[PDB]
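A.B. asks: Enclosed is the structure file input_12.json (JSON, C-alpha atoms (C1' of nucleotides)).
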[["chain", "number", "residue", "atom", "x", "y", "z"],
["A", 5, "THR", "CA", 19.97, -25.98, -3.02],
["A", 6, "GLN", "CA", 19.88, -24.13, 0.31],
["A", 7, "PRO", "CA", 17.56, -21.07, 0.39],
["A", 8, "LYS", "CA", 19.37, -17.76, 0.65],
["A", 9, "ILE", "CA", 15.89, -16.17, 0.75],
["A", 10, "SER", "CA", 13.10, -18.05, 2.55],
["A", 11, "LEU", "CA", 9.54, -16.71, 2.73],
["A", 12, "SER", "CA", 6.41, -18.39, 4.10],
["A", 13, "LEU", "CA", 2.93, -17.03, 4.76],
["A", 14, "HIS", "CA", 2.78, -19.12, 7.95],
["A", 15, "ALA", "CA", 5.61, -17.11, 9.55],
["A", 16, "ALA", "CA", 4.47, -15.45, 12.77],
["A", 17, "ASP", "CA", 6.34, -12.14, 12.44],
["A", 18, "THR", "CA", 4.67, -11.24, 9.13],
["A", 19, "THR", "CA", 1.92, -8.62, 8.88],
["A", 20, "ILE", "CA", -0.80, -8.12, 6.28],
["A", 21, "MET", "CA", 1.43, -5.87, 4.17],
["A", 22, "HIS", "CA", 4.19, -8.49, 4.22],
["A", 23, "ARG", "CA", 1.69, -11.09, 2.99],
["A", 24, "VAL", "CA", 0.45, -8.89, 0.14],
["A", 25, "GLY", "CA", 4.05, -8.19, -0.83],
["A", 26, "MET", "CA", 4.62, -11.94, -0.78],
["A", 27, "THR", "CA", 1.70, -12.33, -3.18],
["A", 28, "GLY", "CA", 3.23, -9.63, -5.37],
["A", 29, "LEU", "CA", 6.47, -11.61, -5.43],
["A", 30, "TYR", "CA", 4.51, -14.74, -6.38],
["A", 31, "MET", "CA", 2.72, -13.09, -9.30],
["A", 32, "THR", "CA", 5.77, -11.25, -10.63],
["A", 33, "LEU", "CA", 7.78, -14.48, -10.60],
["A", 34, "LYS", "CA", 4.89, -16.26, -12.34],
["A", 35, "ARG", "CA", 4.90, -13.60, -15.05],
["A", 36, "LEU", "CA", 8.70, -13.85, -15.26],
["A", 37, "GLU", "CA", 8.64, -17.61, -15.84],
["A", 38, "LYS", "CA", 5.94, -16.93, -18.41],
["A", 39, "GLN", "CA", 8.34, -14.46, -20.04],
["A", 40, "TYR", "CA", 11.64, -16.25, -19.23],
["A", 41, "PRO", "CA", 10.90, -19.98, -18.85],
["A", 42, "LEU", "CA", 14.55, -20.99, -19.27],
["A", 43, "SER", "CA", 17.12, -20.73, -16.50],
["A", 44, "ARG", "CA", 19.93, -18.95, -18.36],
["A", 45, "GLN", "CA", 17.64, -16.19, -19.58],
["A", 46, "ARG", "CA", 17.08, -15.33, -15.94],
["A", 47, "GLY", "CA", 19.76, -12.96, -14.70],
["A", 48, "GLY", "CA", 22.15, -14.34, -12.11],
["A", 49, "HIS", "CA", 20.63, -17.74, -12.89],
["A", 50, "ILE", "CA", 17.89, -17.22, -10.32],
["A", 51, "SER", "CA", 15.61, -20.20, -9.68],
["A", 52, "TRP", "CA", 12.28, -19.85, -7.88],
["A", 53, "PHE", "CA", 10.21, -22.68, -6.41],
["A", 54, "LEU", "CA", 6.59, -21.61, -5.90],
["A", 55, "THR", "CA", 3.93, -23.32, -3.77],
["A", 56, "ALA", "CA", 0.45, -22.38, -2.58],
["A", 57, "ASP", "CA", 1.80, -20.33, 0.34],
["A", 58, "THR", "CA", 5.61, -20.46, -0.02],
["A", 59, "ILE", "CA", 8.03, -18.68, -2.35],
["A", 60, "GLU", "CA", 11.51, -20.16, -2.55],
["A", 61, "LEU", "CA", 14.63, -18.57, -4.06],
["A", 62, "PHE", "CA", 18.05, -19.83, -5.18],
["A", 63, "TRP", "CA", 20.62, -18.17, -7.45],
["A", 64, "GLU", "CA", 24.25, -18.41, -8.56],
["A", 65, "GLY", "CA", 27.18, -16.13, -7.83],
["A", 66, "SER", "CA", 26.99, -12.83, -5.99],
["A", 67, "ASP", "CA", 23.56, -11.71, -4.81],
["A", 68, "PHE", "CA", 23.85, -8.09, -5.99],
["A", 69, "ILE", "CA", 23.63, -8.89, -9.71],
["A", 70, "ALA", "CA", 20.76, -11.33, -9.16],
["A", 71, "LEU", "CA", 18.58, -8.92, -7.18],
["A", 72, "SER", "CA", 19.57, -6.12, -9.57],
["A", 73, "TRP", "CA", 18.28, -8.12, -12.54],
["A", 74, "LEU", "CA", 15.15, -9.11, -10.61],
["A", 75, "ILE", "CA", 14.37, -5.51, -9.63],
["A", 76, "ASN", "CA", 15.13, -4.05, -13.06],
["A", 77, "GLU", "CA", 12.88, -6.59, -14.76],
["A", 78, "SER", "CA", 10.15, -6.27, -12.13],
["A", 79, "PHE", "CA", 9.68, -2.49, -12.33],
["A", 80, "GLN", "CA", 9.89, -0.74, -15.69],
["A", 81, "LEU", "CA", 8.61, 2.37, -17.48],
["A", 82, "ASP", "CA", 7.14, 2.35, -20.97],
["A", 83, "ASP", "CA", 7.72, 5.03, -23.61],
["A", 84, "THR", "CA", 4.60, 6.94, -22.54],
["A", 85, "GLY", "CA", 6.02, 7.20, -19.00],
["A", 86, "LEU", "CA", 3.34, 5.08, -17.33],
["A", 87, "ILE", "CA", 4.26, 2.44, -14.77],
["A", 88, "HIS", "CA", 5.12, -1.03, -16.09],
["A", 89, "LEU", "CA", 4.80, -3.77, -13.45],
["A", 90, "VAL", "CA", 5.32, -7.21, -15.00],
["A", 91, "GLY", "CA", 3.18, -8.79, -12.27],
["A", 92, "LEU", "CA", 0.09, -7.26, -13.87],
["A", 93, "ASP", "CA", -0.83, -8.27, -17.43],
["A", 94, "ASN", "CA", -0.29, -4.97, -19.23],
["A", 95, "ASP", "CA", -1.04, -6.46, -22.67],
["A", 96, "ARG", "CA", -4.78, -6.79, -22.07],
["A", 97, "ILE", "CA", -4.86, -3.69, -19.86],
["A", 98, "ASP", "CA", -5.80, -0.66, -21.94],
["A", 99, "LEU", "CA", -4.11, 2.73, -21.69],
["A", 100, "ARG", "CA", -6.83, 4.29, -19.52],
["A", 101, "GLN", "CA", -6.40, 1.68, -16.79],
["A", 102, "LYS", "CA", -2.61, 2.02, -17.11],
["A", 103, "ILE", "CA", -2.94, 5.77, -16.50],
["A", 104, "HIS", "CA", -5.22, 4.98, -13.55],
["A", 105, "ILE", "CA", -2.77, 2.61, -11.86],
["A", 106, "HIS", "CA", 0.26, 4.80, -12.60],
["A", 107, "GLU", "CA", -1.43, 7.89, -11.17],
["A", 108, "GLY", "CA", -2.49, 5.91, -8.11],
["A", 109, "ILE", "CA", 0.98, 4.54, -7.44],
["A", 110, "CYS", "CA", 2.67, 7.93, -7.73],
["A", 111, "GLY", "CA", -0.08, 9.38, -5.54],
["A", 112, "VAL", "CA", 0.22, 6.84, -2.70],
["A", 113, "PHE", "CA", 3.63, 5.15, -2.88],
["A", 114, "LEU", "CA", 5.84, 7.66, -4.72],
["A", 115, "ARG", "CA", 4.23, 10.61, -2.93],
["A", 116, "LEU", "CA", 7.66, 12.21, -2.47],
["A", 117, "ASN", "CA", 9.95, 13.43, -5.25],
["A", 118, "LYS", "CA", 13.02, 12.45, -3.21],
["A", 119, "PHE", "CA", 12.38, 8.89, -4.42],
["A", 120, "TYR", "CA", 11.46, 9.46, -8.08],
["A", 121, "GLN", "CA", 12.36, 11.72, -11.00],
["A", 122, "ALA", "CA", 9.52, 12.66, -13.35],
["A", 123, "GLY", "CA", 9.51, 13.23, -17.09],
["A", 124, "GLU", "CA", 7.44, 15.61, -19.19],
["A", 125, "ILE", "CA", 3.68, 15.96, -18.82],
["A", 126, "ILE", "CA", 2.30, 13.83, -21.66],
["A", 127, "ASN", "CA", -1.21, 14.61, -22.92],
["A", 128, "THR", "CA", -3.12, 12.21, -25.18],
["A", 129, "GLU", "CA", -6.61, 12.65, -26.64],
["A", 130, "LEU", "CA", -8.30, 9.26, -26.33],
["A", 131, "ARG", "CA", -11.48, 8.82, -28.37],
["A", 132, "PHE", "CA", -14.78, 7.90, -26.71],
["A", 133, "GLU", "CA", -18.10, 8.41, -28.54],
["A", 134, "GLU", "CA", -16.51, 10.84, -31.03],
["A", 135, "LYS", "CA", -14.96, 12.82, -28.16],
["A", 136, "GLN", "CA", -11.17, 13.11, -27.88],
["A", 137, "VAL", "CA", -10.72, 13.79, -24.17],
["A", 138, "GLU", "CA", -7.11, 14.80, -23.52],
["A", 139, "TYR", "CA", -5.71, 12.65, -20.71],
["A", 140, "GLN", "CA", -2.97, 14.72, -19.07],
["A", 141, "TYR", "CA", -0.50, 12.95, -16.78],
["A", 142, "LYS", "CA", 3.08, 13.39, -15.59],
["A", 143, "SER", "CA", 5.45, 10.84, -17.12],
["A", 144, "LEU", "CA", 8.22, 9.34, -15.00],
["A", 145, "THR", "CA", 11.89, 8.59, -15.60],
["A", 146, "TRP", "CA", 13.21, 6.81, -12.49],
["A", 147, "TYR", "CA", 12.12, 5.86, -8.97],
["A", 148, "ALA", "CA", 13.57, 4.28, -5.84],
["A", 149, "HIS", "CA", 11.90, 0.95, -6.64],
["A", 150, "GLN", "CA", 14.24, 0.40, -9.60],
["A", 151, "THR", "CA", 17.33, 0.98, -7.42],
["A", 152, "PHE", "CA", 16.45, -0.37, -3.98],
["A", 153, "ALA", "CA", 18.90, -3.21, -4.75],
["A", 154, "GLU", "CA", 21.78, -0.99, -3.63],
["A", 155, "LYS", "CA", 20.24, -0.62, -0.18],
["A", 156, "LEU", "CA", 19.15, -4.27, 0.00],
["A", 157, "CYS", "CA", 22.66, -5.64, -0.56],
["A", 158, "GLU", "CA", 25.90, -4.81, 1.22],
["A", 159, "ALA", "CA", 28.08, -2.28, -0.58],
["A", 160, "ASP", "CA", 31.45, -3.97, -0.06],
["A", 161, "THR", "CA", 30.45, -7.63, -0.43],
["A", 162, "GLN", "CA", 27.61, -7.20, -2.97],
["A", 163, "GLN", "CA", 25.55, -9.59, -0.83],
["A", 164, "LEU", "CA", 22.36, -9.40, 1.21],
["A", 165, "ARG", "CA", 22.76, -7.72, 4.59],
["A", 166, "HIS", "CA", 22.66, -9.84, 7.75],
["A", 167, "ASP", "CA", 21.08, -7.12, 9.91],
["A", 168, "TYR", "CA", 17.89, -5.08, 10.00],
["A", 169, "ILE", "CA", 17.48, -2.43, 7.29],
["A", 170, "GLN", "CA", 15.88, 0.95, 7.96],
["B", 1, "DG", "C1'", 35.37, 13.44, 11.06],
["B", 2, "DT", "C1'", 30.42, 13.19, 12.72],
["B", 3, "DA", "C1'", 25.91, 14.66, 14.68],
["B", 4, "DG", "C1'", 22.59, 18.28, 14.75],
["B", 5, "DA", "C1'", 20.29, 21.98, 12.16],
["B", 6, "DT", "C1'", 18.97, 23.67, 7.63],
["B", 7, "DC", "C1'", 17.40, 23.55, 3.25],
["B", 8, "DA", "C1'", 15.73, 21.36, -1.22],
["B", 9, "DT", "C1'", 11.98, 19.20, -3.35],
["B", 10, "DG", "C1'", 8.47, 18.31, -4.57],
["B", 11, "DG", "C1'", 2.91, 18.59, -9.77],
["B", 12, "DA", "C1'", -0.20, 20.95, -11.72],
["B", 13, "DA", "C1'", -91.95, 8.40, 63.32],
["B", 14, "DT", "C1'", -93.73, 11.25, 66.54],
["B", 15, "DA", "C1'", -96.70, 12.74, 70.84],
["B", 16, "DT", "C1'", -99.94, 11.56, 74.28],
["B", 17, "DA", "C1'", -103.22, 9.30, 77.31],
["B", 18, "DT", "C1'", -103.05, 5.65, 80.56],
["B", 19, "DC", "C1'", -101.27, 2.10, 84.22],
["B", 20, "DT", "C1'", -98.53, 1.63, 88.28]]
Kindly present the structure from the file in structure tokens form.
C.D. replies:
Amino acid sequence: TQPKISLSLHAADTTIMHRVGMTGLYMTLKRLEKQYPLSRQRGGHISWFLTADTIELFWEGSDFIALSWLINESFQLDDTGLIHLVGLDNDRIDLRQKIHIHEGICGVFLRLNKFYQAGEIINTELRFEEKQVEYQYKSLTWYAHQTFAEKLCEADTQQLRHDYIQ
DNA sequence: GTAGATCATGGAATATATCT
């Protein structure tokens, strides 16, 4: 069907950050079709067509629910409070690297508490060479990434905005 | 009712005789 969202690497207006975000979209949708191969498991019956340098999106019904499902599935938080990005393969990533990436992302992206609410400081004593070093980190509860869908879509029409967004 | 100012909210070589 017609693309409500069209994205190409060859577009002139894009910058480097837009391209790396495009790659992030590509990998998270790859991991989603690995997790949800079938159409009706995908919220809002989203359908993505992926090429070497193009990502293509169609869905059914109102946009708000579709992007809400996409965002909620994309960014998640495990029980330990660490970041859970489906684009990266968390299964074969150990807990130390998970702590590394979570600490990095709160230290560079979520640098401000106006965008995220943190949990309790969770300390775990991981065992290396008969040494239980206590890894101490601040767990999270919510962040603006999980709820950017409200800003992305119009409030009244529950559809994507047709103007520039601050 | 809205725009500007304020406040919260952060993680842990010479002389001499001679010729003319």
A.B. asks: Could you write out as a list in words the residues of chain B within 10 Å of chain A, counting all atoms listed in the file?
C.D. replies: residues 8, 9, 10, 11 and 12 of chain B
A.B. asks: What separation in Å, quoted to one decimal, exists between CA of residue 11 (chain A) and CA of residue 60 (chain A)?
C.D. replies: 6.6 Å
A.B. asks: What is the distance, in Å and to one decimal place, between CA of residue 19 (chain A) and CA of residue 71 (chain A)?
C.D. replies: 23.1 Å
A.B. asks: Do you know which residues are at most 10 Å from residue 87 (chain A) counting only C-alpha atoms (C1' of nucleotides), after dropping those on the same chain fewer than 3 positions away, and could you put them as a PyMOL selection string?
C.D. replies: chain A and resi 79-84+90+94+102-107+109-110+143-145
A.B. asks: One decimal, Å: what's the distance from CA of residue 129 (chain A) over to CA of residue 147 (chain A), could you say?
C.D. replies: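 So the two atoms, CA of residue 129 (chain A) and CA of residue 147 (chain A), lie 26.6 Å apart.
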